[PDB]
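> model this:
(8 chains, ligands or ions: 8)
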There are 8 protein chains.
Amino acid sequence: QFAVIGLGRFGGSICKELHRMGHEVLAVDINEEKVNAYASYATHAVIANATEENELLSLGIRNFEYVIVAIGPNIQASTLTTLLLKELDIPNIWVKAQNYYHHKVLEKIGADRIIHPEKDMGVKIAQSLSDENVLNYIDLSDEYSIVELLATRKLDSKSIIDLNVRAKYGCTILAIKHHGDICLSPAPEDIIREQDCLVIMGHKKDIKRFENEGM
Amino acid sequence: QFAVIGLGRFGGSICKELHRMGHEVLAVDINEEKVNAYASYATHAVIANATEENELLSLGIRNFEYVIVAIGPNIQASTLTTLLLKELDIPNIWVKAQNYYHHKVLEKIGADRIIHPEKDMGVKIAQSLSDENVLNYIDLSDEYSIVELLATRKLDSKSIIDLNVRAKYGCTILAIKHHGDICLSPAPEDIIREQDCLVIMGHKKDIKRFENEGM
Amino acid sequence: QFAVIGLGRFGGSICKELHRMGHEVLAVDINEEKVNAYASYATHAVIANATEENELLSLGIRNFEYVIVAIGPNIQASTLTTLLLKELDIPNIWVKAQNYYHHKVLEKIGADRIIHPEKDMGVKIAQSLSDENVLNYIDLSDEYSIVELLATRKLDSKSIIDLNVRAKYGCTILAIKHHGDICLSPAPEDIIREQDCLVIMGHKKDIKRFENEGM
Amino acid sequence: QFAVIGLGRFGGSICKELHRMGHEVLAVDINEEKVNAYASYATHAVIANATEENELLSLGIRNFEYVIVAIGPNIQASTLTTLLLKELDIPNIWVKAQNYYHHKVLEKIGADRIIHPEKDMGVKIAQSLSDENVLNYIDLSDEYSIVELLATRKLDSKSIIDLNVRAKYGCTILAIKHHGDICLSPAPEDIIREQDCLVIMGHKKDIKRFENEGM
Amino acid sequence: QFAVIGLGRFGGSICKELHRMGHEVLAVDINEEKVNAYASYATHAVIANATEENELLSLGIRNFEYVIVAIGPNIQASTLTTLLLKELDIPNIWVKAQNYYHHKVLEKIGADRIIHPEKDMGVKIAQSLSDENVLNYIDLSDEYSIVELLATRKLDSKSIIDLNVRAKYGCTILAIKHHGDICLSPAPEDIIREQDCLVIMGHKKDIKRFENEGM
Amino acid sequence: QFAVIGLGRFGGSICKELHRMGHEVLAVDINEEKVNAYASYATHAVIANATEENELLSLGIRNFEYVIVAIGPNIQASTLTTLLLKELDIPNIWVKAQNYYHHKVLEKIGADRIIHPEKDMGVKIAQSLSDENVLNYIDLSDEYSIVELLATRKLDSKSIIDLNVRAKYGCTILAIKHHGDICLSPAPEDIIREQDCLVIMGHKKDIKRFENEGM
Amino acid sequence: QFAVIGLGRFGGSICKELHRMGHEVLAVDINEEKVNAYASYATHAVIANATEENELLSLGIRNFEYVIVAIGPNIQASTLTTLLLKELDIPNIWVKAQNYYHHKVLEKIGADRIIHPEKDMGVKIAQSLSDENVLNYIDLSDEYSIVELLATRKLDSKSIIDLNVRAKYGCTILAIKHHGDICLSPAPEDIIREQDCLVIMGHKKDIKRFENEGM
Amino acid sequence: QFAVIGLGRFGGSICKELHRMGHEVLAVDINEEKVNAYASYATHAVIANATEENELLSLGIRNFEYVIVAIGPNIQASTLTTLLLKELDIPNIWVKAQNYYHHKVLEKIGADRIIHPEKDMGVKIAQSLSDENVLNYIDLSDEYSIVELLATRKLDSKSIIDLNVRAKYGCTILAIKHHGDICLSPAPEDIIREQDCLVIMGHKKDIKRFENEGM
Ligand SMILES: Nc1ncnc2c1ncn2[C@@H]1O[C@H](COP(=O)(O)OP(=O)(O)O)[C@@H](O)[C@H]1O
Ligand SMILES: Nc1ncnc2c1ncn2[C@@H]1O[C@H](COP(=O)(O)OP(=O)(O)O)[C@@H](O)[C@H]1O
Ligand SMILES: Nc1ncnc2c1ncn2[C@@H]1O[C@H](COP(=O)(O)OP(=O)(O)O)[C@@H](O)[C@H]1O
Ligand SMILES: Nc1ncnc2c1ncn2[C@@H]1O[C@H](COP(=O)(O)OP(=O)(O)O)[C@@H](O)[C@H]1O
Ligand SMILES: Nc1ncnc2c1ncn2[C@@H]1O[C@H](COP(=O)(O)OP(=O)(O)O)[C@@H](O)[C@H]1O
Ligand SMILES: Nc1ncnc2c1ncn2[C@@H]1O[C@H](COP(=O)(O)OP(=O)(O)O)[C@@H](O)[C@H]1O
Ligand SMILES: Nc1ncnc2c1ncn2[C@@H]1O[C@H](COP(=O)(O)OP(=O)(O)O)[C@@H](O)[C@H]1O
Ligand SMILES: Nc1ncnc2c1ncn2[C@@H]1O[C@H](COP(=O)(O)OP(=O)(O)O)[C@@H](O)[C@H]1O
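Numbering: from 1, shown residues only, chains lettered A, B, ... in the order given. Ligands and ions are numbered 1, 2, ... in the order given. For reference, the structure is listed below:
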């Protein structure tokens, strides 16, 4: 169902995680050591030169609905492999881009999805660092978002009804994680202790306001 | 306030994004072309070898609360710089890891946060790939998460009270995005049309169950 | 001014002819024997892998306004070379296509002109053999053309005013070549002897008619 | 009437085009897929080894006036087949040459015409390259020729009587192609717009002069 | 009397051996180093392209009764030269064949003898591996042959009258070579010691029988 | 029992002939086309790189008593393969040599037999040329040999007792092949007709004498 | 007393030699074949992952005064192990360095001695190549050294009092090795024959002078 | 004058040092990063596969008197390179060996010197560790050596005439290094302070005795 062509920092992780989720994955790599190392982290693992189409045919690459092209240092191999896969009518081809150029040519040669892993992780890191409180988040839209927060001393021993976010800031608390224990959709009587995870939901500026005055 | 030591695919993105957000960032790089290219995407841009202590002193690296070590292909510059920075009492040192090892030695030499961009983006892509429906998500913990979904035909013209997720699956719907318009914490009378964004919250396996039988 | 990347049956001819015309041409080839053989048929001759970018940089390939990619047996090397050249902002990139696919991908990766030598030669030869008389020709458009013909016995000792092509077929005679001697824009009194070259100009179907009934 | 022995890039084109012109063609090929692919582009299509005499006899190869030997990568099949055909008293044997040698031995073993498709296409393209404007041409002799030109801005909105080529350069304009529309033997009042096709006729050097000072 | 056109692994050996036997040989080669190296192993040695007729005339190739064409890597030079030699009415033309094809076209263009050295050496080596004992042999017919054998322990100190091959196996012993000393048509009293050469003559199967039970 | 590692002009013939004799042979070749072509001419045929040890182990090369290493274009692969086989304690390793050097290094790395096909065939052809008559022969020693001759008119209708070779020249007639029919150890009354095969045995110079005066 | 953690080209030799000298050594390796191979060349041999702390504790690694970290293929095992050992208060940790980096991080994480085997052996061999005569040497300081020299013809049959190095060049001869026989601190009457070992001692530039004018 | 084929831990150091000494060195490497990194540490630096003969010819490798083969991970490439160099009549070929086997085969294919760097460093460390005083040493022969020592407290304020090594142990003191200052061939009145460098010369076992009872 899934094929990973490059078993490196990026593709190897995709393979390992897909395998961990319970899906069947065929891992490909030109380097024998990589193939051997991911033998336990994949349904099948094969040594093959991705630059030769007949080898791809030998892999039975057409039997897959999703083929992942994760070759980083070599743009040549990346775009060429993507091309060969595009020849074989692969339904979905996802390729890692190195730069603007790579993104462009992959875009033109019919890549289904082009990923800039470092960049996207970068915006995650940037938002996570800009305000020390947010551990993680998800953007529902340009204006609205759900935010995971690290409780400070200002929130210690404070109740949900005490911190009336639903009216004063128009945001809503979703979950509280305390010492690994978790509380989903907590009742107003619940207490928030410091260093705990607080899951708020609402408008970005409003969340920023609550962060400002509340914590 | 923030310093980016490696201006590559990863660090360059962090610098550019931080600059876009309005924060002041000092970009460092041993390659002159990189420094020149990021002159417009940073408050200041300097050519310097991060492995040389006197150069670090010349940068005024101690004046920063956050220093990001993002050097990928060469572990040398990364761990050595991290070490030198740990000597200079940098409050927060965030470093990009290449493998299990890099993570280990960074962990022991006092790295405040170790990032595996390819790995985490890898698992994100993996989750996004396992189900085409999930557009984005956030993990509250090892077991609990909030998931953004792309509504299918099975969910078309269905009401929230019709899809009783709060009891049948123990999950809760948070938001519905329809043609760009957005509905936060929607009432049970609200209708979900296909191709819309559906924000569910709960246990991973339970959300998967709802995905299986519901949509 | 001109660069030939593949010194084979096709590209080698381009190089040799361009050199014969008096233009300065840099010939490239991965095969040393080929490079040696075309040393006398080029301003400069270099051994280089067209698939390696730095080698292209070493060639000073950017200093050329026209670079010809003539690699036949390997589609990989062809599209790859075209790609690398497209990176280096080469003004005009002309590439040999092997098949429909090759034409497509070259088209998408920004090839300025795509040549099917076999095909065009095929149609030229097809028109040349279909009619025993046609020695050569040029197509002005999809419908109109100028045709060179070999005079038969039916045309022997016939005058231009006798063979009134300007009215009977709407075509015009341009030149008559007799025993090597040549007559341009001949007067109606001129005589056409057999085995001579006759240059007619007009519509294809009309020329075919004149061929059918006249000669 | 016509037989094509090699259905490749070259011979396949000859077969397809000949079939398109309305002539009856028998296509031969050692490869079954090729034979199948040209079933629709030929009167008949047969699987046969051109190096085997009895197979040639089985084809009824003697019933043809023109047999085309187009086998490229393998000189063996080409010269051997040509030889067998010369034995069977084939009226016209046309063979594709790979190099100087192939031309030589085909010449000696009684080939009626030896074709270097890449070479001639090469010189055609070469003349097309020396001047960007010339789209096509025909040489009447060593000194005289008819040339098709691409009108530049210098020729825009210019009349034929304005560009007095018949006296100033001794050349004559034959046709003007404007937006696909075509004008044969145009009157001096006619206007030439840029990017149009201009058909001049005369001496090579004179045409070059007109190209130089005029456009 | 003898001319060697290709001074390689094959032709060079022929030249050297013919020269060693006392015959006068003219060695030809396009490579100067070869010509220099075979100067001492030939009556005369000349640098010449065997594909050029005027050079062949300059060699005085017609003055030779035997001309050997030994060019391996290039089928071109071989068949073309053979052709030119056939034009010049050379009495005997012997050419080395590369494959079935080379044999075919040489056969048709009037080669006096076509040699497949590797192949015939192949059957000799095949017999040499098939039987541990035979040092050399000659086939009189499809069924009858003369065989040279290496004496084993089973033949040590055995007399000819002891090994009655003329009646028991119907074969006849011809010669015995002992420590370089040689005995032709030996008398029945003669002794055969091990590691000596034994020359038997008769039917193949019978010789095999004698090998089986005797030695 | 027998393994052929290089399926070319030399090794392929060894394989084919060994197979023809009825022995079981495993053919190896890195080129798939070669392996396919010799599938019918071998017990088993495998695609394998002879320079790779694990592949050799996969072949079960140790199960063979005779392994033939025949490499023409690449001396490296030859000596390396011979080396690996010598490591695996192969009883008999026979290798084709390209030159003196190759012979030396093969000699030192423990090659069991080194064959120069061109050389030996060269001297055989040389003796075949020295005398137009000799069809075949075998050398018993440096001075003594058995020779096969093509009878001329001088020997026509001559009896063995008429041509007293046993006394006048000290050589002995062994066999006469007459119209394909064969006579072994013929009686003195037997007649020799021209164009028949005559098998003489004796001293080289004496045989030459008999050729001189007799035929 | 001594523990060798990596049994490769470097560490294996250390273990074998230390064992040969009579010291007790515990050899460690993650590879079972290596551990088995060095069972006879060590007091004890154990299979263990040097990156796993509990395994190190199981080894009783604290009971050793000297632990050698020689792991080649990856910096990971080396620095991580060195780190763990520095944690466990190992008295002496000597580690093989891969590059400048490895040296740096080992230096900072408290490595007692960092070895560049290739670097030092490389510069020694380099000295052996720059001057063919010097077989070996040792540097007492930046300026002074003892050098072993290979006697040339210029030194043949020369006496020590003849070559007054102690006064003319300020260097002193220490030993003369002749045909394996050795003379320590030789008297001025002793003779030096060519191809013998000559042990000089003094200033580098002075030794170079003596080499220049003397030999 | 010197060529380095492998720019790794070993060969790279040789190149750098040879360049540092003032000699001209041509550095070769199949990896571009290595070639670029050693551009400043060599007269010339080239990307080339050492296993390809024509590339070696292109390098002008024959123009060198010394060619160093330093390729570690691939024994194949090593021996093949050594082989090709042996073909080109290179005067001196020095190769790094990986193991006993490699040493053997390099020995047989005509390697001029075979180096095991790690082994020698291993034995050096082995001698250096039993007694901390030995910093370094040199073996004059199997039995005799010169040793550099670190003076202990037992040697503090002791005179040369006090420590009569020339008679009691048969060894001779050569030099004393005190605070960086150096004394060559010191007089018996000279004093040795602890932790100073003491250069002894004599028999290995005797030196060991002196170390045991004396220091
Ligand atoms: N030509 C090729 N064919 C097949 N696989 C390749 C080729 N080139 C590189 N790879 C594989 O791609 C991987 C690249 O990994 P890496 O450089 O870490 O990229 P990323 O950072 O995207 O993971 C390597 O593990 C390598 O085995
Ligand atoms: N010692 C050093 N000092 C300063 N900058 C360095 C040093 N080593 C590497 N760099 C810089 O770090 C950058 C690494 O970027 P890149 O390889 O793209 O990392 P990633 O792939 O993680 O984005 C390079 O542009 C380089 O200039
Ligand atoms: N990667 C490459 N880099 C440079 N030159 C190449 C490469 N691959 C092939 N070539 C050259 O291209 C030529 C191919 O010529 P050929 O196959 O005859 O094409 P055509 O039939 O169009 O002339 C060869 O001579 C070869 O040397
Ligand atoms: N012996 C043969 N008999 C018949 N057809 C052949 C023989 N050998 C080759 N062919 C055909 O000739 C074609 C060669 O085409 P190709 O190599 O593309 O030539 P070119 O490059 O000149 O177009 C192949 O499709 C093959 O099927
Ligand atoms: N056109 C030619 N004219 C003369 N000599 C030639 C020509 N072409 C090749 N040769 C010679 O033939 C030799 C080929 O030898 P080789 O390849 O070893 O053949 P073989 O393996 O049959 O001995 C080369 O040394 C070359 O000098
Ligand atoms: N490294 C290798 N491993 C295995 N087979 C090889 C290798 N290199 C070449 N070969 C095979 O050897 C054959 C070469 O045969 P050829 O050059 O005809 O030798 P000969 O002239 O002795 O017949 C090729 O068909 C090729 O498949
Ligand atoms: N994590 C580990 N724990 C223990 N031993 C290891 C580990 N990783 C590698 N080794 C051993 O270290 C040895 C390294 O040898 P080698 O690669 O030759 O290094 P070098 O070239 O520095 O001598 C290998 O034999 C391997 O068995
Ligand atoms: N086939 C090859 N041709 C040329 N250079 C090579 C080849 N294979 C490896 N190399 C080079 O040899 C070097 C190997 O060095 P390394 O593995 O560090 O050995 P060592 O540690 O003994 O120096 C690498 O830098 C690599 O670029």
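
> can you tell me how far residue A:1 sits from chain D?
Separation of residue A:1 from chain D (C-beta to the nearest C-beta, to the nearest Å): 31 Å. The C-beta positions use only the backbone N, C-alpha and C, and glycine is treated the same way.

> count of neighbours near the residue lying closest to that residue once chain neighbours are set aside?
Distances taken as C-beta to C-beta, 6 or more residues apart in numbering or on different chains place residue A:24 nearest to residue A:1, at 5.6 Å, with adjacent residues excluded. For residue A:24, the neighbour count with other C-beta atoms under 10 Å in any protein chain shown is 12.

> Equivalent analysis for residue A:5, please.
Using other C-beta under 10 Å, residue A:5 has 28 other residues around it.

> swap in the one 10 residues further on?
Using other C-beta under 10 Å as the criterion, residue A:15 is surrounded by 30 other residues.

> can you tell me which helix or strand it belongs to?
Using DSSP states H and E, residue A:15 maps to helix A:11-21.

> can you pull the buried residues of stretch A:188-199?
Neighbour counts using 16 or more other C-beta atoms under 10 Å in any protein chain shown place A:192, A:196, A:197, A:198, A:199 of stretch A:188-199 among the buried residues.

> Now it - C-alpha only, PDB.
The C-alpha trace of stretch A:188-199 is given here as PDB (Å, rounded to 0.1, in the frame of the first residue of the first chain):
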ATOM      1  CA  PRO A 188     -15.700  24.500  35.900                       C
ATOM      2  CA  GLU A 189     -14.900  23.000  39.400                       C
ATOM      3  CA  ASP A 190     -11.600  21.500  38.100                       C
ATOM      4  CA  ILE A 191      -8.300  23.000  39.300                       C
ATOM      5  CA  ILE A 192      -5.300  24.000  37.200                       C
ATOM      6  CA  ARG A 193      -1.900  23.500  38.700                       C
ATOM      7  CA  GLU A 194       1.300  25.000  37.400                       C
ATOM      8  CA  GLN A 195       3.500  23.100  34.800                       C
ATOM      9  CA  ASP A 196       0.300  21.400  33.600                       C
ATOM     10  CA  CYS A 197      -0.900  21.300  30.000                       C
ATOM     11  CA  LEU A 198      -3.900  23.600  29.300                       C
ATOM     12  CA  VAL A 199      -5.800  23.300  26.000                       C
END
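
> hmm, it touching chain B?
Yes - Stretch A:188-199 comes into contact with chain B (C-beta under 8 Å from any C-beta of the partner chain), by way of A:197, A:199.

> How about residues contacting that stretch?
When contacts are defined by C-beta atoms under 8 Å, 6 or more residues apart in numbering or on different chains, stretch A:188-199 is touched by residues A:135, A:146-153, A:155-161, A:163, A:173-179, A:183, B:140-141, B:146.

> Among those, the buried ones, what's the ChimeraX command?
Buried subset of the contacts of stretch A:188-199, written as a ChimeraX selection, criterion 16+ other C-beta under 10 Å:
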select /A:135,146,147,148,149,150,151,155,158,160,163,173,174,175,176,177,178,183 /B:140,146
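
> Let's see which of the contacts of stretch A:188-199 end up in helices.
Residues of these located in helices (DSSP state H): none.

> Look at the residue in chain A that ligand 1 sits nearest to and say how many residues are nearby.
Residue of chain A nearest ligand 1, by C-beta to the nearest ligand atom: residue A:8 (1.8 Å). A count of neighbours around residue A:8, defined by other C-beta under 10 Å, yields 18.

> contacting residues for it?
So residue A:8 contacts A:34, A:70, A:71, A:72, B:118 (C-beta under 8 Å, 6+ apart).

> By proximity to ligand 2, which residue of chain A wins?
Counting by C-beta to the nearest ligand atom, chain A gets nearest ligand 2 through residue A:118, at 5.3 Å.

> check contacts around that residue.
Each residue near residue A:118 by C-beta under 8 Å, 6+ apart is listed here: B:8, B:9, B:10, B:13, B:117, B:118, B:121.

> for residue A:202, what are its contacts?
Residue A:202 touches A:144, A:145, A:165, A:169, A:170, A:171, A:172, B:184, counting by C-beta under 8 Å, 6+ apart.

> Among these, name the buried ones.
Among the contacts of residue A:202, those classed as buried by 16+ other C-beta under 10 Å are A:144, A:145, A:165, A:169, A:171, A:172, B:184.

> So which residues of chain A form strands?
Applying DSSP state E to chain A gives strands spanning A:2-4, A:25-29, A:44-47, A:66-69, A:92-96, A:113-115, A:134-139, A:144-150, A:158-159, A:172-178, A:181-184, A:191-192, A:197-203.

> Throw those into CSV and include distance to residue F:51, thanks.
Converted to CSV, the strands of chain A look like this (distance: least, C-beta to C-beta, whole Å):
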stretch, distance to residue F:51
strand A:2-4, 30
strand A:25-29, 22
strand A:44-47, 17
strand A:66-69, 31
strand A:92-96, 34
strand A:113-115, 39
strand A:134-139, 53
strand A:144-150, 57
strand A:158-159, 73
strand A:172-178, 59
strand A:181-184, 60
strand A:191-192, 69
strand A:197-203, 59
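
> Relative to residue H:93, which of those strands is closest?
strand A:44-47 (33.2 Å; C-beta to C-beta).

> centre of the chain versus that closest one, how much separation?
Between the centre of strand A:44-47 and the centre of its chain there are 25 Å (C-alpha atoms, centre = their mean, to the nearest Å).

> So is it next to ligand 1?
No - looking at strand A:44-47 against ligand 1 by C-beta under 6 Å from any ligand atom, there are no contacts, and the closest approach is 9.4 Å.
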